[PDB]
Asker: 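Structure incoming, see below.
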Amino acid sequence: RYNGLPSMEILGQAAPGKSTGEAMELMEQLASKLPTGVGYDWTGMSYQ
Amino acid sequence: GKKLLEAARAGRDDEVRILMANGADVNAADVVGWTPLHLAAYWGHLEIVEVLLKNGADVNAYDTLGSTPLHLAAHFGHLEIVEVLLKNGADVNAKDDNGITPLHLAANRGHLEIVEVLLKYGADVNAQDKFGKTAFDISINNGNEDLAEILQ
Amino acid sequence: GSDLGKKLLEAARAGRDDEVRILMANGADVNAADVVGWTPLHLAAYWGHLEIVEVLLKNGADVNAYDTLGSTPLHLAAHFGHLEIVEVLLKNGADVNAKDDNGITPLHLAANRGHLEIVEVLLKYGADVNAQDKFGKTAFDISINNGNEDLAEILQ
Amino acid sequence: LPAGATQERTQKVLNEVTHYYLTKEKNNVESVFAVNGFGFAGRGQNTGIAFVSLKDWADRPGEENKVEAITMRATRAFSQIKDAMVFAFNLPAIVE
Amino acid sequence: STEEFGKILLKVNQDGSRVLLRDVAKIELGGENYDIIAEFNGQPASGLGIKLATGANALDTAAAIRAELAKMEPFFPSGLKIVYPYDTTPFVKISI
Amino acid sequence: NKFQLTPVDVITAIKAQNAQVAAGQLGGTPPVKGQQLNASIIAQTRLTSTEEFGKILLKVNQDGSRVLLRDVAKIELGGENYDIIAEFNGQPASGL
Amino acid sequence: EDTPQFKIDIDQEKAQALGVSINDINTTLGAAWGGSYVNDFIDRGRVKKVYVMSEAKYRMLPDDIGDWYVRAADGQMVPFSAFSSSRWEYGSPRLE
Amino acid sequence: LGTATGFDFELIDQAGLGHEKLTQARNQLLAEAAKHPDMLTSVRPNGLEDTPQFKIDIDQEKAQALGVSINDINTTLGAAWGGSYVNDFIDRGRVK
Amino acid sequence: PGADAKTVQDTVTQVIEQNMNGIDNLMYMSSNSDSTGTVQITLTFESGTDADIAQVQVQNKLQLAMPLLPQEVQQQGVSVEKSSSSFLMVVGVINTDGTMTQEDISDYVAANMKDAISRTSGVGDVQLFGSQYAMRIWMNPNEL
Amino acid sequence: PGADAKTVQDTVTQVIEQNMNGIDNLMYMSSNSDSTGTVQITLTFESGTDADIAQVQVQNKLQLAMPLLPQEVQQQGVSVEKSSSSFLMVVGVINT
């Protein structure tokens with residue numbers, strides 16, 4: 001659970017040549033095509 | 001009449017006078033069936049009791065559970081209200097829905113002179129309540145030795 | 001339990017049609033089974049993967065495989081409301097009246113979850129409407145305990 | 001309202017308070033959020049509260065359209081209401 | 001669910017018939033309590049009355065609340081909307 | 001012993017008869033609309049005196065006879081404990 | 001201000017005589033007219049409460065008190081009216 | 001500091017979709033990610049996948065009919081297969 | 001739940017109050033006990049008291065009183081808060097399609113919005129105007 | 001002891017989580033509940049937060065949710081600890 005709601009933590013990284021900034025943006029982009037009611041949040045190192 | 005109920009409760013002596021001068025109902029009742037007479041007996045307003053009675057209030061009005069203004073007086077030890085009510089024809093032996101009399105209530109709270117007064121007005125010492133208890137049973141159970149012999 | 005078998009058990013569960021297709025071409029054991037005796041067909045029936053059910057059956061999967069508590073793929077498909085899968089299984093010979101170790105049938109299970117269309121399909125293919133579980137309960141009994149009036153009338 | 005008062009009667013009174021801001025302070029009152037059963041002293045069938053938000057200061061020119069005159073006008077209107085204590089008040093500069 | 005509570009088995013009779021909870025009770029979702037009922041301009045509403053923690057900055061906490069609210073909104077059921085009936089905070093920012 | 005009783009029976013009777021019971025309300029929320037009466041139900045309240053503790057009813061004998069707390073015990077106000085006794089220049093005292 | 005309250009006296013002797021336990025009496029009285037938080041259940045993934053209480057129509061009128069029954073040790077159903085009595089008195093709804 | 005490589009993403013159930021539905025979205029997102037080897041690499045769950053579990057149902061009616069208490073059933077199962085912490089003893093002067 | 005004011009006062013309030021001692025910088029203490037079943041005890045401190053420590057000191061005393069409280073009071077949860085007494089703001093929620101009732105909205109708010117607003121820094125207290133859903137078992141004495 | 005992941009989550013984790021309110025400087029909260037019968041809830045605070053104040057604020061909110069936890073969990077106890085610290089050394093003790 002994350003912030004009191006059911007959650008699933010996902011780890012990953014940028015491909016060689018890419019910035020994690022770039023890789024995060026694509027995740028947000030992909031995350032935005034998910035079914036109704038699914039959200040997301042950045043935690044830990046990403047939050048920082 | 002709602003104003004008379006409230007005034008009687010508050011003890012407002014002249015508000016009770018004005019309101020009856022202006023035609024309010026002496027036997028107006030609230031949600032639980034209490035009359036201004038019930039209210040004055042409960043809080044101890046001798047003057048209002050006497051005024052209400054002089055203006056034809058039912059001295060035997062009962063609430064929604066069968067209790068009368070004498071029950072309240074005798075329960076709460078208001079001696080000067082108890083004699084007055086009695087002098088105006090209060091059912092000295094009135095029972096509420098529980099079978100409880102004013103003598104029961106006086107005996108339970110240990111109001112000795114009240115019991116004496118209730119007795120002289122002819123209270124049934126043998127009167128039982130729904131649990132078959134007399135005032136004597138109460139005096140014994142409560143360990144009031146004084147009261148117990150006054151009931152002999 | 002073989003290697004490609006393990007891969008097949010996972011692919012079926014995960015509903016990866018393409019991987020399953022390739023595995024079929026390579027001869028991955030369709031009769032592979034995990035510790036609790038689930039076959040790829042159990043897994044696909046459970047998680048609702050229709051195509052993989054069809055493909056497994058094309059490739060010799062035991063339509064009537066049972067797990068270690070006696071439950072079949074039809075049990076799972078009926079319980080979890082997978083209508084098209086229930087019909088495919090029945091067409092391919094699934095025992096409509098199969099009882100598990102508890103004497104429970106696909107009909108009991110469908111009725112319990114209130115799956116009306118599935119109940120009807122199971123009755124169509126000859127489900128025994130009077131079948132009793134180990135507690136002597138029928139699907140009708142299950143219907144009325146649940147307070148399911150629609151289903152209760154279906155089972156008359 | 002007096003203790004003993006029902007939830008229904010507290011709603012009757014809240015209706016009148018809402019009505020007043022909605023119809024007699026159209027120029028000034030933007031919204032009313034009325035709560036039955038909650039009051040400053042805490043929960044109860046006989047208690048309630050209205051949170052009033054006003055239109056922006058620029059649309060309320062003059063002393064007559066400010067919180068003091070508004071609440072005074074409103075308390076005066078509400079004083080007609082039967083068997084209830086109803087009053088509007090500005091929260092003090094600092095409170096406490 | 002209510003269905004599951006309804007079929008709770010209270011007892012089994014002499015003739016073996018079943019006494020279920022739904023045989024002695026009506027079973028529904030409903031409030032933990034029924035004392036507090038809120039309207040926004042006469043329309044059905046709920047809300048959150050927020051109190052500022054001792055010594056906290058009002059403007060900062062208002063911001064944090066707004067930011068938290070924004071995260072919720074996309075997942076609202078249809079028609080659900082946040083309104084802003086009472087905020088002491090804009091007066092601080094604007095007056096300054 | 002004469003009454004075939006133990007401290008367990010005493011303790012049980014006290015917990016039962018020196019009780020303060022939450023008994024609910026007449027006409028409480030959610031009510032039936034139209035309800036005029038709202039009143040607290042008052043059941044058992046804590047005992048306040050040695051006389052009340054004395055008449056606690058331990059048991060009724062088969063011959064209708066009553067066995068009360070005062071028939072098996074002395075009842076009085078007294079210290080939570082008796083370990084600490086103070087004197088001021090020889091005279092009985094207390095202190096902080 | 002003080003308001004009317006419904007004072008009900010449990011008769012300890014009759015209760016013992018009939019074989020009805022004070023805990024059953026008080027739980028029945030309180031669960032019905034006051035409500036009782038039993039335990040938790042799960043609603044759409046969220047832990048929430050479970051409450052037991054009289055349906056509104058059986059807890060509005062004083063006469064309703066006797067419609068509730070407790071089971072004695074010997075299996076008999078005994079109406080509240082058999083072991084209790086009641087009276088109107090005044091009490092405080094908010095003690096400071 | 002604990003690993004400051006890559007990103008750390010939280011997929012969240014914002015309505016009441018539930019575990020199975022959240023797994024499906026996770027898988028959906030994981031599928032899409034793997035289609036961008038050019039931008040995303042080794043994108044994976046930090047947690048664990050679902051596993052077979054032995055679901056046992058107690059038949060209330062048959063338990064009631066045989067006169068077996070649910071508490072005895074559930075204590076017997078839990079204590080035996082799960083273990084139960086009963087109380088403490090003292091081993092060479094240390095509580096255990 | 002279900003308690004009258006005197007029951008609340010004599011079974012809960014007095015017990016917590018008698019345990020309020022050895023609290024630094026306390027100017028005074030007040031409380032209400034009502035026939036809703038509810039208690040509020042307010043401890044007011046000197047200006048410049050650290051509110052973190054005040055809250056800590058109050059709760060340390062309260063924990064001594066807790067085992068002494070009725071089981072049902074404990075299970076409703078008692079809380080200790082450090083906040084202003086007036087409202088900072090009221091966040092309102094409506095449904096503009098009228099496809100959710102007062103009760104629906106209140107439950108959605110309690111179940112989806114309130115906790116996160118309650119955990120937000122600077123938020124001392126949150127009142128729900130409404131109520132979360134609960135499983136309601138409404139008994140019938142005739143059938144019983 | 002003996003609890004599956006969901007039992008832990010739905011009788012322990014959710015209850016604690018619903019009580020983590022009114023704590024200062026919280027950035028986020030995370031937890032897992034697993035079939036070893038374990039919950040860990042980790043609350044992360046703003047850099048510069050006093051770690052002692054954060055811990056006591058968390059412990060006090062927990063302490064007040066303890067009566068809502070299962071008896072056997074209250075029995076095992078619930079530990080609150082600073083988590084972001086690391087080991088100076090590990091001393092192994094073996095038998096050869």
Side-chain angles (χ1 to χ4, degrees), chain G residues 1-8 23-61 63-71 76-81 89-96, chain I residues 1-17 28-42 70-78 103-104 106-116 128 130-144:
Chain G
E1 300 307 321
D2 297 348
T3 51
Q5 45 189 222
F6 186 86
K7 170 69 192 201
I8 170 175
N23 296 330
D24 284 352
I25 291 174
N26 303 114
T27 289
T28 298
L29 185 58
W33 300 72
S36 181
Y37 172 24
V38 174
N39 57 9
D40 290 341
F41 83 109
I42 306 293
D43 178 39
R44 286 121 82 208
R46 184 178 173 91
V47 54
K48 283 168 187 191
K49 299 188 181 67
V50 179
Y51 275 99
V52 153
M53 194 170 186
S54 181
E55 185 188 336
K57 76 195 292 169
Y58 304 105
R59 51 171 166 85
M60 295 286 114
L61 314 175
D63 289 339
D64 290 333
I65 293 274
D67 299 345
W68 293 85
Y69 292 67
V70 188
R71 181 194 329 121
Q76 294 213 71
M77 302 306 287
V78 179
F80 250 73
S81 59
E89 67 177 19
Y90 270 83
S92 176
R94 169 181 298 151
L95 290 163
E96 304 162 44
Chain I
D4 61 279
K6 202 168 195 307
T7 290
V8 166
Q9 170 186 269
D10 290 351
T11 219
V12 175
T13 314
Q14 294 208 38
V15 177
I16 295 178
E17 287 183 348
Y28 47 85
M29 180 178 61
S30 62
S31 81
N32 295 304
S33 309
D34 66 33
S35 290
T36 286
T38 280
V39 210
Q40 205 151 64
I41 297 158
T42 306
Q71 203 59 223
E72 22 277 302
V73 172
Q74 297 189 51
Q75 291 171 328
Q76 286 299 314
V78 346
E103 300 81 353
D104 284 335
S106 288
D107 176 72
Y108 184 87
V109 171
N112 295 272
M113 305 179 73
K114 189 173 168 258
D115 289 357
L128 183 66
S131 174
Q132 194 179 225
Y133 279 163
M135 186 51 65
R136 277 301 179 155
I137 307 299
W138 300 113
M139 292 179 300
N140 180 326
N142 296 333
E143 295 314 278
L144 282 176

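Every chain is numbered from 1, with letters handed out A, B, ... down the list of sequences. Computed from heavy atoms alone, side chains included, the values below leave out hydrogens, waters and symmetry copies.
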Asker: Can you say whether I:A3 sits under 4.5 Å from chain G via the side chain, the backbone, both, or neither, judging by heavy atoms?
Answerer: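 No part of it gets close to chain G.
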Asker: Can you name the nearest heavy-atom pair linking G:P79 to G:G66, along with the distance?
Answerer: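 Here G:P79 and G:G66 meet closest at CB-O, 3.8 Å.
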Asker: Would a 4.5 Å heavy-atom cut-off, applied to side chains only, mark I:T42 and I:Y28 as touching?
Answerer: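 A side-chain contact under 4.5 Å is absent here.
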Asker: For chain G, find which of I:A5, I:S35, I:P141 contributes the most heavy-atom pairs closer than 4.5 angstrom.
Answerer: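 Option with the greatest count: I:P141.
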Asker: Go through it in stages, so that I can follow the logic: the residues are I:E72 and G:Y37, the test is side chain to side chain contact (heavy atoms under 4.5 Å, CB included), and I'd like the CA-CA distance, side-chain angles, deciding distance and then a yes or no.
Answerer: CA-CA 8 Å; I:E72 22 277 302; G:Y37 172 24; over 6 Å; no
Asker: Tell me, side chain or backbone of I:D10 under 4.5 Å from chain G's heavy atoms, or both, or neither?
Answerer: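 Interface part for I:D10: neither.
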Asker: Looking only at heavy atoms, which two atoms of I:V8 and I:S33 are closest? And how far apart?
Answerer: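 Smallest interatomic distance, heavy atoms only, reads CG1-CB, 3.6 Å.
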Asker: Non-hydrogen atoms of chain I under 4.5 Å away: do they reach the side chain of G:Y69, the backbone, both or neither?
Answerer: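 Looking at G:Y69, nothing touches chain I.
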Asker: Does the side chain of G:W68 reach to within under 4.5 Å of the side chain of I:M139, using non-hydrogen atoms?
Answerer: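 Yes; the side chains approach each other to less than 4.5 Å.
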Asker: Taking atom CD of I:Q14 as the centre, does the number of heavy atoms from other residues, nucleotides or ligands within less than 6.0 Å exceed 12?
Answerer: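 Check passes, neighbour count above 12.
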Asker: Counting only non-hydrogen atoms closer than 4.5 Å, does G:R71 touch chain I with its backbone (N, CA, C, O), its side chain (CB onward), both, or neither?
Answerer: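 For G:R71, no heavy atom lies under 4.5 Å from chain I.
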Asker: Taking side chain as everything from C-beta outward and backbone as N, CA, C, O, which of these in I:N140 sits under 4.5 Å from a heavy atom of chain G? Side chain, backbone, both or neither.
Answerer: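 Both parts, backbone and side chain.
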Asker: Take G:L29 and G:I8, measure what side chain to side chain contact (heavy atoms under 4.5 Å, CB included) needs, and give me the verdict at the end.
Answerer: CA-CA 10 Å; G:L29 185 58; G:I8 170 175; 4.3 Å; yes
Asker: Looking at chain I, which one of G:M53, G:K57, G:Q5, G:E96 has the largest number of heavy-atom pairs inside 4.5 Å, strictly under?
Answerer: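 Heavy-atom pairs under 4.5 Å are most numerous for G:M53.
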Asker: Which of the residues G:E55, G:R94, G:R46 is involved in the greatest number of heavy-atom pairs with chain I at under 4.5 angstrom?
Answerer: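 Highest number of pairs under 4.5 Å: G:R46.
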Asker: Sort G:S54 into side chain, backbone, both or neither according to what part of it lies under 4.5 angstrom from a heavy atom of chain I.
Answerer: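 Contact with chain I involves both backbone and side-chain atoms of G:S54.
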Asker: Can you tell which of I:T38, I:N32, I:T36 has the highest number of heavy-atom pairs within less than 4.5 Å of chain G?
Answerer: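 Top option by heavy-atom pairs under 4.5 Å: I:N32.
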